[PDB]
Every structure is written in structure tokens, then in C-alpha cells.
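# Per-entry structural report
So you can see what is in the structure, the chains are spelled out below.
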Amino acid sequence: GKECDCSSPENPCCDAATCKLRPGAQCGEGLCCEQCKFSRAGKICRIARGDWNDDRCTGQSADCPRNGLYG
């Protein structure tokens, strides 16, 4: 797919050359990324703007998906 897994070219978790994870880290930068690995689904990645449901990570991705009341 793309060739840049991270957005920061100064991040050690993702090779600046291929902007991708150099080591065996499941993620270089992101909200669901913990210890450079895929945390777990239903992970709090953000808060709800109002009062419905908090943000929960997929656990298999590094970026947190929108699980609030918008989309």
C-alpha cells in the first residue's frame, strides 16, 4: 500500500527513508500505538465531545477510529 507508516520523519520507530516501521514494531506513531505495537481494541484513544460514548481503538490499527456519535 502506501510507503509511509508514520508521519514524523524524526521517529525512530519508523524508518525515515521508507517512513515505515523499521523494526518489528506494529506501529511507529499513532493513538492505539503503545510500545510501538498494536494495543488492544476498545482502547481509550480520545474522549466524546458531549456525553455519549468515549473513543475506543480497534486494537489492530495504530490510528484510533471514530466511535463517538459522528461519522
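Residues numbered from 1 in each chain as written, not as in the entry; some residues may be left out. Heavy atoms only, no water.

- Deposited coordinates in this entry are attributed by the record to solution NMR.

### So, the UniProt feature "disulfide bond" in the chain
- For the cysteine pair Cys4 and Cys19, annotated in UniProt as disulfide-bonded, the sulfur atoms lie 2.0 Å apart, consistent with the bond being present in this model. One end of the pair, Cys4, is in the segment before β1 (14-15); the other, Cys19, is in the loop between β1 and β2 (20-21), with 15 residues separating them in the sequence.
- For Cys4, a relative accessible area of 38% gives the class partly exposed.
- In this structure the UniProt-annotated cystine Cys27-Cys33 is intact, with an S-S distance of 2.0 Å. (Disulfide = S-S within 2.5 Å. UniProt positions renumbered as here; feature names shortened; annotations may be inferred. Helix = DSSP H or I, 4+ residues; strand = E, 2+ residues; numbered from the N terminus. Buried < 20%, exposed > 50% of the residue type's maximum accessible area, 1.4 Å probe, protein only.)

### Some thoughts on the environment of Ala62
- Take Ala62: it is sitting in the segment after β6 (55-58).
- Dropping the residues within four chain positions of it, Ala62 is found in contact with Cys27, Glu29, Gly30, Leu31, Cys32, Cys33 and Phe38. (Contact = heavy atoms within 4.5 Å.)

### A look at the state of the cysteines
- Under the criterion given, the structure shown has six disulfides.
- Between the sulfur of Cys45 and that of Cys64 lies a disulfide, 2.0 Å long from S to S. Remark: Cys64 occurs in the segment after β6 and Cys45 occurs in strand β5 (residues 41-46); sequence separation between them is 19 residues. For the pair shown, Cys45 and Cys64 are each scored as buried.
- When the bonded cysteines of the chain are counted from the start of the sequence, the pairing works out to 1-5, 2-4, 3-9, 6-8, 7-11, 10-12.

### A look at the packing of aromatic side chains
- A complete count under the given rule lists one aromatic pair for this structure.
- Judged by centre distance (5.9 Å) and plane angle (75°), the rings of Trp52 and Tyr70 are edge-to-face. You can see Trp52 sitting in the loop between β5 and β6 and its partner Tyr70 sitting in the segment after β6, a full 18 residues away along the chain.
- With relative accessibility at 40%, the residue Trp52 sits in the partly exposed group. (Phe/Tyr/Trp six-rings, centres within 6.5 Å; stacked < 30°, edge-to-face > 60°.)

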